[PDB]
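Notes follow the structure.
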């Protein structure tokens, strides 16, 4: 098990509204991984873009971690690490940006 | 739904 408390992009268990209050004041590409208060042990990537905070479910299925079925990872850390370098465009044309800046910057 | 949808 990986301890995600280490990373400056992990916000723990935090509500959707609190996330839009926290991220609205930052540049596009600022992101955080949070745990969804309504689904225990399920996570979300929240990322500011176009002056609005977008939210993406992290699905866990058949031991894969993924935000699109077309690209899968062994772990949440590897997911985040891939999308820090490769734009979300390849599966979210609504959202052309990498995970550039963790919110604790 | 509620979140963002892929593709």
- Message: Please determine whether any residue of segment A:13-36 is within 19 Å of residue B:3 (Cα to Cα), touching a helix residue (DSSP H, G or I) at 6+ places or on another chain (Cβ under 9 Å) and exposed (fewer than 15 other Cβ atoms within 10 Å of the Cβ).
- Response: no
- Task: Please enumerate the residues belonging to segment A:27-43 that are touching a strand residue (DSSP E or B) at 6+ places or on another chain (Cβ under 8 Å) and more than 13 Å from residue A:99 (Cα to Cα).
- Result: A:34, A:35, A:36, A:37, A:41, A:42, A:43
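Yes or no, residue by residue, for (1) assigned to a loop (DSSP other than H, G, I, E, B); (2) facing chain B (nearest Cβ under 10 Å); (3) touching a residue at least 40 places away in the same chain (Cβ under 8 Å):
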{"site": "A:20", "(1), (2), (3)": "no, no, no"}
{"site": "A:39", "(1), (2), (3)": "yes, no, no"}
{"site": "A:53", "(1), (2), (3)": "no, no, no"}
{"site": "A:66", "(1), (2), (3)": "no, yes, no"}
{"site": "A:77", "(1), (2), (3)": "no, no, yes"}
{"site": "A:80", "(1), (2), (3)": "no, no, yes"}
{"site": "A:85", "(1), (2), (3)": "yes, no, no"}
{"site": "A:92", "(1), (2), (3)": "yes, yes, no"}
{"site": "A:98", "(1), (2), (3)": "yes, no, yes"}
- The one condition in (1) touching a residue at least 40 places away in the same chain (Cβ under 8 Å); (2) at positive phi that residue A:62 fails to fulfil: (1)
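Using the structure shown, decide if residue A:48 is surrounded by 19 or more Cβ atoms within 10 Å (Cβ to Cβ) and away from chain B (no Cβ under 11 Å).
In short, yes.
Quick reminder, even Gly has a Cβ in these numbers, built from the backbone with ideal geometry, and neighbours come from all protein chains shown. Rule-based calculations on the coordinates, nothing more; no lab input.
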